[PDB]
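Q:
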Amino acid sequence: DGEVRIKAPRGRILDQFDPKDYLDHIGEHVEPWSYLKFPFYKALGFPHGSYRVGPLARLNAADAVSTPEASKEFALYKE
Amino acid sequence: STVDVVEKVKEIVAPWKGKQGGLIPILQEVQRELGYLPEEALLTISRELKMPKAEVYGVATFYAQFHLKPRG
Amino acid sequence: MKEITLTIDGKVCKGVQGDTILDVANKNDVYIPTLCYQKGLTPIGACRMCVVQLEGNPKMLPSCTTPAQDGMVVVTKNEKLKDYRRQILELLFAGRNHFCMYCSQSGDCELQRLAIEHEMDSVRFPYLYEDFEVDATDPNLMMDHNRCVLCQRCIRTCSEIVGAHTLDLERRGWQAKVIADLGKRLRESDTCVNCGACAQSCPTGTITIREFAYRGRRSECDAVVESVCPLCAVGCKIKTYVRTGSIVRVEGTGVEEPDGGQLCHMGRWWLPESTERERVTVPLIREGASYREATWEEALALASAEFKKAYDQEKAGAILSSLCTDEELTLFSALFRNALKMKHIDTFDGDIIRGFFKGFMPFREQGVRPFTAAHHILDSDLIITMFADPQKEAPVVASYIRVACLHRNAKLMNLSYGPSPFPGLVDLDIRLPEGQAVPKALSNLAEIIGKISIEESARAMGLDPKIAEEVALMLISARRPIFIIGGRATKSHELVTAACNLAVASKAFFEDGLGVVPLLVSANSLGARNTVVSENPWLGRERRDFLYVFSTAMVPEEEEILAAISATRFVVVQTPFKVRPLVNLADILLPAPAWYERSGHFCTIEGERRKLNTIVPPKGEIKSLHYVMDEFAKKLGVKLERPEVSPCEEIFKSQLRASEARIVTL
Ligand code: SF4
Ligand code: SF4
Ligand code: SF4
Ligand code: SF4
Ligand code: FES
Numbered sequence: 001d002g003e004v005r006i007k008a009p010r011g012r013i014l015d016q017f018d019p020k021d022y023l024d025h026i027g028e029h030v031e032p033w034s035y036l037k038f039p040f041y042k043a044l045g046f047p048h049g050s051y052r053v054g055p056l057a058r059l060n061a062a063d064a065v066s067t068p069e070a071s072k073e074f075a076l077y078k079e
Numbered sequence: 080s081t082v083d084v085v086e087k088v089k090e091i092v093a094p095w096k097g098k099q100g101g102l103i104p105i106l107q108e109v110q111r112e113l114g115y116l117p118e119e120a121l122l123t124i125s126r127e128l129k130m131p132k133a134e135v136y137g138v139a140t141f142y143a144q145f146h147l148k149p150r151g
Numbered sequence: 152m153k154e155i156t157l158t159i160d161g162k163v164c165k166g167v168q169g170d171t172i173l174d175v176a177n178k179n180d181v182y183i184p185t186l187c188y189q190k191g192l193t194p195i196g197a198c199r200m201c202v203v204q205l206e207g208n209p210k211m212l213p214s215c216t217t218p219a220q221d222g223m224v225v226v227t228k229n230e231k232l233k234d235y236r237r238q239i240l241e242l243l244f245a246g247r248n249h250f251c252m253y254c255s256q257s258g259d260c261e262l263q264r265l266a267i268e269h270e271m272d273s274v275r276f277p278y279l280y281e282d283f284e285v286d287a288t289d290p291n292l293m294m295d296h297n298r299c300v301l302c303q304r305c306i307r308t309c310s311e312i313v314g315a316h317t318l319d320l321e322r323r324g325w326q327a328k329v330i331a332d333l334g335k336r337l338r339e340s341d342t343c344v345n346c347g348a349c350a351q352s353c354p355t356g357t358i359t360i361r362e363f364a365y366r367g368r369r370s371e372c373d374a375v376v377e378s379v380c381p382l383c384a385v386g387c388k389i390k391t392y393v394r395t396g397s398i399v400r401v402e403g404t405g406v407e408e409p410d411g412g413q414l415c416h417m418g419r420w421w422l423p424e425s426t427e428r429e430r431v432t433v434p435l436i437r438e439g440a441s442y443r444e445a446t447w448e449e450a451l452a453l454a455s456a457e458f459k460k461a462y463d464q465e466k467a468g469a470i471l472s473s474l475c476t477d478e479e480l481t482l483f484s485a486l487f488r489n490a491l492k493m494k495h496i497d498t499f500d501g502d503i504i505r506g507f508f509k510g511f512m513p514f515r516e517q518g519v520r521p522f523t524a525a526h527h528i529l530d531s532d533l534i535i536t537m538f539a540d541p542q543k544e545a546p547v548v549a550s551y552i553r554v555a556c557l558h559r560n561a562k563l564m565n566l567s568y569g570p571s572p573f574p575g576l577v578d579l580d581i582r583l584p585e586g587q588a589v590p591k592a593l594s595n596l597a598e599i600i601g602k603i604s605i606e607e608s609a610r611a612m613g614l615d616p617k618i619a620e621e622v623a624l625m626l627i628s629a630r631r632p633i634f635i636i637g638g639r640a641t642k643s644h645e646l647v648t649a650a651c652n653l654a655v656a657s658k659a660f661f662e663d664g665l666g667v668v669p670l671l672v673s674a675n676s677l678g679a680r681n682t683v684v685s686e687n688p689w690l691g692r693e694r695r696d697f698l699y700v701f702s703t704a705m706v707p708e709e710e711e712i713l714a715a716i717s718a719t720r721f722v723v724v725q726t727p728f729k730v731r732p733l734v735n736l737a738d739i740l741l742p743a744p745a746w747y748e749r750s751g752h753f754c755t756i757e758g759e760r761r762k763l764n765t766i767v768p769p770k771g772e773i774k775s776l777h778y779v780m781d782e783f784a785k786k787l788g789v790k791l792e793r794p795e796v797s798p799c800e801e802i803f804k805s806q807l808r809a810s811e812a813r814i815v816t817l
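Next up, the structure:
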């Protein structure tokens with residue numbers, strides 16, 4: 001569960017919103033050479049609003065974790 | 080066919096391009112060869128003579144001889 | 152003679168031999184009932200309420216279309232005329248369905264006022280209860296045909312003043328109706344620009360702006376203030392109506408100028424929509440994904456603490472707004488350019504400004520003013536659109552283009568790699584492929600000054616010889632052409648010079664300058680340049696660790712500029728609103744005065760200054776902008792040295808007249 005949070009490339013939180021309000025914030029750009037689209041934050045357009053997802057982006061956007069031995073390594077990752 | 084009327088009225092507006100007038104004869108000849116003035120015909124007349132759609136619809140519906148729907 | 156005199160209501164009136172009776176009456180003070188008459192539109196003659204009779208002649212003459220002739224006596228009020236006018240009003244009421252109880256214009260309708268002044272308390276006619284369509288398909292404008300007098304002032308405003316000929320009359324007779332394109336609803340019509348010139352021209356409550364219904368009645372206002380629209384460079388004069396600290400209606404003064412009072416969708420929708428926004432009203436702090444209220448000392452202390460720790464290491468910048476006044480720009484420049492010796496002081500539109508100026512300077516060093524007034528497009532014969540889309544940058548320029556191309560028989564040709572901003576008025580779309588087409592264009596116009604080669608100069612232009620050939624052929628057959636150069640062409644200060652050279656290579660001269668008419672995106676272009684705009688582009692190149700952004704959150708900003716602001720690791724915004732794109736990328740969000748709260752002069756590109764008046768006085772006490780500039784000057788170790796405004800210097804002087812010189816500086 002939870003809310004969607006986008007962090008600027010320098011730490012500032014930009015448009016942390018609720019999952020159901022995604023059509024107001026995310027748009028997909030289509031390019032002719034790929035069956036894959038390019039989602040991007042709508043208020044910054046393409047290809048400036050494009051972001052990263054995944055473990056790195058997760059641990060960068062999240063502020064803390066809820067388990068001991070993963071927090072003990074999340075600190076080492078943050079530093 | 081809605082694609083037939085496009086070129087068919089292109090060939091009727093051809094003798095009238097850039098002649099400063101003669102729109103009601105264009106509409107008269109599109110009425111003679113179709114029995115009515117469809118929306119496609121009016122749109123193409125407006126795009127060819129570069130006359131606004133409001134003007135061509137106003138003059139098409141001003142006279143009782145013309146008809147905007149297929150007639151019986 | 153050109154100086155006649157009449158006698159209206161016994162009162163002797165003066166006038167000129169060319170005017171009508173209604174003009175001579177309105178010229179002194181004299182009153183005549185009118186419903187279809189609009190200052191700025193050719194007299195129509197439809198309501199027949201302006202009827203007037205002379206002594207001796209029992210005929211009745213429409214005072215708005217009959218010329219004035221010295222020696223005639225005019226009678227406006229008697230039993231016969233009152234009876235006839237009351238009968239006309241009763242016909243109008245009995246024919247259509249007038250429900251004053253819930254009309255939006257139920258206190259400022261010309262028909263209702265004419266009915267009350269003639270003591271109408273019955274219609275005397277059988278009240279034809281016909282079903283007329285109410286068109287509310289467009290979210291902004293509503294057309295309720297139950298209230299139509301068929302004065303045609305909407306059909307005359309969208310044709311002669313706007314150009315977007317969207318309205319006309321449907322089937323004749325009593326079944327007359329005002330329709331959109333091909334009988335469609337307003338929302339299906341593609342030839343509409345949503346300018347609301349029709350709503351301003353309608354005397355009744357048929358056409359109505361929907362979101363300000365029941366509030367934008369001119370009869371129940373608190374104050375009327377005239378100022379200028381800050382959004383674009385055209386600078387249209389407005390007639391703001393204020394009611395309970397809110398702008399309820401923006402009307403276009405200037406029904407004598409070629410604009411005709413038609414304002415753009417922005418000028419009469421955003422400006423009244425701006426007064427009902429969220430109003431920061433207190434310094435904030437990000438706190439992480441959710442702002443927090445702070446005192447001025449705390450916010451300014453943290454902002455200056457992060458501003459010092461970045462200015463020592465060469466990394467700091469300021470992105471100011473060109474919709475600001477000359478005094479605010481002077482203060483910002485006094486802090487940043489003449490107190491901190493900063494080098495990164497760009498503006499949200501700095502690229503367009505620096506491009507236009509560095510493309511027009513090849514002509515300032517030879518004494519020619521390389522542009523003309525924007526209203527000459529009506530008097531031209533061939534309008535060439537160079538990398539421009541005026542419907543999104545200068546709508547009144549697009550209105551000039553449409554009027555000239557649809558009612559004054561002008562030809563249109565596009566010379567851009569874009570969407571052909573007028574799909575249906577252009578007859579020659581020349582799409583250029585990118586790369587280095589600037590020297591190609593300048594060599595192409597070199598031949599038009601000498602021979603009037605082409606194939607060699609038409610390869611990077613991506614045109615087969617024939618395409619460029621008849622381009623030149625139509626360019627040479629035009630006696631008074633004009634070029635519209637857009638803000639896209641300012642991606643290289645070379646293409647601006649290329650356009651200005653195509654102007655001289657075809658003898659496109661006017662007594663104020665060349666036929667170039669650049670489309671500037673703001674109104675304080677020269678003001679921003681002399682004060683704030685930088686000489687070299689730096690945004691999106693310098694990473695930047697601190698950033699001050701003053702944005703009057705009115706017009707949107709380019710995605711690239713906002714992406715550069717989002718990666719600056721600290722942004723201090725001084726916007727007056729809590730709009731989405733700035734509250735998303737900001738760390739402090741200090742409050743500032745809005746455009747309808749301060750005065751200024753708006754030094755423009757063509758020379759002498761405009762004037763913006765304060766419409767609604769400031770509500771709270773933000774108490775300064777100099778305050779922030781001192782608390783940044785202090786806490787940093789500099790003096791501000793308060794200057795006064797730099798005068799308008801008429802950057803491009805008209806020294807020598809229309810003596811062209813191709814500039815091989817490519
Ligand atoms: S348009 Fe005027 S006369 Fe008609 S209902 Fe509205 S207020 Fe009354
Ligand atoms: S909004 Fe403007 S373009 Fe549209 S119908 Fe009204 S006046 Fe014409
Ligand atoms: S909509 Fe308004 S301006 Fe247009 S004809 Fe009807 S009453 Fe006149
Ligand atoms: S055209 Fe420009 S000056 Fe005129 S109303 Fe629109 S934004 Fe304001
Ligand atoms: S107002 Fe004089 S005729 Fe319409």
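Protein chains in written order, with the working numbering: chain A, 1 to 79; chain B, 80 to 151; chain C, 152 to 817.
Beta carbons: idealized from backbone N, C-alpha and C, even for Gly.
(1) What residue from C:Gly314, C:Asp530, C:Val730 has the CA that sits closest to C:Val554's CA?
(2) So, is the C-beta of C:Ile330 closer than 8 Å to a C-beta in chain B?
(3) Select from the segment 19-44 of chain A all residues with a C-beta closer than 8 Å to any C-beta belonging to chain C, and list them in chain order.
(4) Go to B:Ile105, then tell me how far its alpha helix (DSSP H) extends in each direction, as first and last residue.
(5) Would you say C:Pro732 reaches chain A, if we count a Cβ-Cβ gap shorter than 8 Å as a contact?
(6) Which residue marks the beginning of the beta strand (DSSP E) containing C:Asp234, and which one marks its end?
(7) Between the alpha carbons of C:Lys178 and C:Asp319, how many angstroms are there, rounded?
(8) Would you say C:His296 touches ligand 1, meaning its beta carbon is less than 7 Å from a heavy atom?
(9) Using only the alpha-carbon positions, how far apart do C:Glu362 and A:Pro9 sit?
(10) Give a yes or no on whether the minimum CB-CB distance between C:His316 and chain B is below 8 Å.
(11) Measure the alpha-carbon distance for B:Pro104 versus C:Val547 and round it to whole angstroms.
(12) Take every Cβ of the segment 729-746 of chain C, pair it with every Cβ of the segment 399-410 of chain C, and state whether three or more of those distances are shorter than 8 Å.
(13) Report yes if the CB atom of C:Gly367 is closer than 8 Å to the CB atom of C:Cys254, and no otherwise.
(14) Which chain B residues are close to C:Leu576, counting only those with a beta carbon under 9 Å from its beta carbon?
(15) Which word fits C:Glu757, buried or exposed, when buried means at least 16 other C-beta atoms lie within 10 angstroms of its C-beta?
(16) With respect to 7 Å, is the separation between the Cβ of C:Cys305 and the closest non-hydrogen atom of ligand 6 below this value?
(17) Indicate, with yes or no, if ligand 1 has a heavy atom lying under 7 Å from the CB of C:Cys415.
(18) Any chance you could list the residues with Cβ under 5 Å from a heavy atom of ligand 5, keeping chain order?
(19) Is there a C-beta anywhere in chain C that falls below 8 Å from the one on A:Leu14?
(20) Taking C-alpha atoms, which residue in C:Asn489, C:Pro584, C:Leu301 lies nearest to C:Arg323?
(21) Could you tell me the distance, in whole angstroms, from the CA atom of C:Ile581 to the CA atom of C:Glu792?
(22) Should C:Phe634 and C:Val589 be called a contact, given that it needs their Cβ atoms to be closer than 8 Å?
(23) Cutting at 8 Å between CB atoms, please list the residues of its own chain near C:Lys591, excluding the five before and the five after it.
(24) Is there at least one non-hydrogen atom of ligand 3 closer than 7 Å to the beta-carbon of C:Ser352?
(25) Going by other Cβ atoms of all chains shown within 10 Å of its Cβ, with 16 needed for buried, is C:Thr308 buried or exposed?
(26) Taking a cut-off of 6 Å, which residues have a beta-carbon closer than that to any heavy atom of ligand 1, in chain order?
(27) Is C:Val329 near ligand 3, with its Cβ less than 7 Å from a heavy atom?
(28) Would you mind telling me which residues of chain A sit closer than 8 Å to C:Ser255, beta carbon to beta carbon, in chain order?
(29) Terminal residues of the continuous beta strand (DSSP E) containing C:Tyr699?
(30) Who are the neighbours of B:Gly137 on chain C, taking C-beta pairs under 8 Å?
(31) Mind the definition here: the segment 453-461 of chain C touches the segment 480-498 of chain C only if three or more C-beta pairs lie below 8 Å; say whether that holds.
(32) Among all the DSSP beta bridges, which residues are the ones paired with A:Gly27?
(33) When burial is assigned at 16 or more other CB atoms within 10 Å of the CB, is C:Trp420 buried or exposed?
(34) Given a cut-off of 8 Å on the beta-carbon distance, is the pair C:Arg520 and C:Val684 in contact?
(35) Could you pull the start and end residues of the alpha helix (DSSP H) that C:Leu624 belongs to?
(36) At the 8 Å Cβ level, is B:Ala133 part of the contact set with chain C, yes or no?
A: Inspection of the coordinates gives the following:
(1) Minimum Cα distance to C:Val554 is reached at C:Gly314.
(2) Yes - at least one Cβ of chain B is within 8 Å of the one on C:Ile330.
(3) Taking 8 Å as the cut-off between beta carbons, the residues of the segment 19-44 of chain A near chain C are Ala43, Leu44, in sequence order.
(4) Segment 103-111, the alpha helix (DSSP H) holding B:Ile105.
(5) By this cut-off, C:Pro732 is an interface position.
(6) No beta strand (DSSP E) contains C:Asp234, which is instead part of the alpha helix (DSSP H) from 230-246.
(7) Rounded to whole angstroms, C:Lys178 to C:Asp319 spans 32 Å at the Cα level.
(8) Remark: the C-beta of C:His296 is outside contact range of ligand 1, defined as less than 7 Å to any heavy atom.
(9) Straight-line Cα distance between these residues: approximately 39 Å.
(10) In terms of beta-carbon proximity, C:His316 lines the interface with chain B, with at least one pair separated by less than 8 Å.
(11) Near 35 Å, if we compare the C-alpha coordinates of C:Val547 and B:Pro104.
(12) Because the criterion of three Cβ pairs below 8 Å is not met, the segment 729-746 of chain C and the segment 399-410 of chain C do not touch.
(13) No, they are not a contact pair.
(14) Under the 9 Å cutoff, chain B gives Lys129.
(15) Buried.
(16) Of the ligands one can find in the structure shown, namely ligand 1, ligand 2, ligand 3, ligand 4 and ligand 5, none is ligand 6.
(17) C:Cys415 Cβ: outside cutoff for every heavy atom of ligand 1.
(18) With 5 Å as the limit, the residues whose C-beta approaches any heavy atom of ligand 5 more closely are C:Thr185, C:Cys187, C:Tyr188, C:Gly196, C:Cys198, C:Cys201, C:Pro213, C:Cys215, in sequence along the chain.
(19) Closer than 8 Å to some Cβ of chain C, the Cβ of A:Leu14 qualifies, so yes.
(20) Ranking C:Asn489, C:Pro584, C:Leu301 by Cα distance to C:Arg323 puts C:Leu301 first.
(21) One C-alpha to the other measures close to 53 Å.
(22) Not closer than 8 Å, so no.
(23) Excluding sequence neighbours, C:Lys591 sits near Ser608, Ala609, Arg610, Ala611, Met612.
(24) For C:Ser352, the shortest C-beta to heavy atom distance toward ligand 3 is below 7 Å.
(25) That one is buried.
(26) Those satisfying the condition are, in chain order, C:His249, C:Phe250, C:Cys251, C:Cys254, C:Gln256, C:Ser257, C:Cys260, C:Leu262, C:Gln263, C:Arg298, C:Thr355, C:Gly356.
(27) Yes, Cβ of C:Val329 sits closer than 7 Å to a heavy atom of ligand 3.
(28) Listed along the chain, the chain A residues whose CB falls inside 8 Å of the CB of C:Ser255 amount to none; the nearest CB is some 31 Å away.
(29) Run containing C:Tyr699: 698-700, per the beta strand (DSSP E) assignment.
(30) Per Cβ cutoff of 8 Å: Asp319, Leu320, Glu321, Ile330.
(31) Output reads no: the segment 480-498 of chain C does not touch the segment 453-461 of chain C.
(32) The partner list for A:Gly27 (beta bridge, DSSP) reads A:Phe40.
(33) The Cβ neighbour count for C:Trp420, taken over all protein chains shown within 10 Å, is at least 16; the residue is labelled buried.
(34) Contact: no.
(35) Note, C:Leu624: alpha helix (DSSP H), 616-627.
(36) With a threshold of 8 Å between beta carbons, B:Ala133 makes contact with chain C.
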